[PDB]
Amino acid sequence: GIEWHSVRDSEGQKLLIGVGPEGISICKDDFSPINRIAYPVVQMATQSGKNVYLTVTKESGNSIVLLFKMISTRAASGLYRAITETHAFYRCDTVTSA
């Protein structure tokens, strides 16, 4: 079901990002879980060439940025689209009586 994307963190550690129904899943290359990020916590998503940045809200109230380095601009666009468009499936909104 979930589409896993190959990324590298700030240090260079190989990770796997899984975009699912509840949110973002961060794992190691052997799929061992590390952390999970729910979509309401995700404030923003940014793409700068091969890189993808995420603005995450903390339970404290403040916002911090997560960096994900990728092999190509098409790989980054694939992860950016996954976070942005599976949000147009998570966060739905329309009129009823038109």
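All residue numbers refer to positions in the sequence shown, first residue = 1.
Engineer: Name the higher of the two by mean Cα B-factor in the PDB entry, 52 to 60 versus 66 to 74.
Structural biologist: Mean C-alpha B-factor is greater for 52 to 60.
Engineer: Return whichever of 43 to 51 and 29 to 37 has the greater mean Cα B factor according to the PDB record.
Structural biologist: Result of the comparison: 29 to 37.
Engineer: Ranked by Cα temperature factor within the chain, is residue 7 in the lowest third, the middle third or the highest third?
Structural biologist: Its C-alpha B-factor, which the entry lists for residue 7, ranks in the lowest third among residues of this chain.
Engineer: Relative to the other modelled residues in the chain, which third contains the C-alpha temperature factor of residue 79: lowest, middle or highest?
Structural biologist: Residue 79: CA B-factor falls in the lowest third of its chain.
Engineer: Lowest, middle or highest third: which one holds residue 16 when the chain's residues are ordered by CA B-factor from the entry?
Structural biologist: It belongs to the lowest third of the chain when residues are ordered by C-alpha B-factor.
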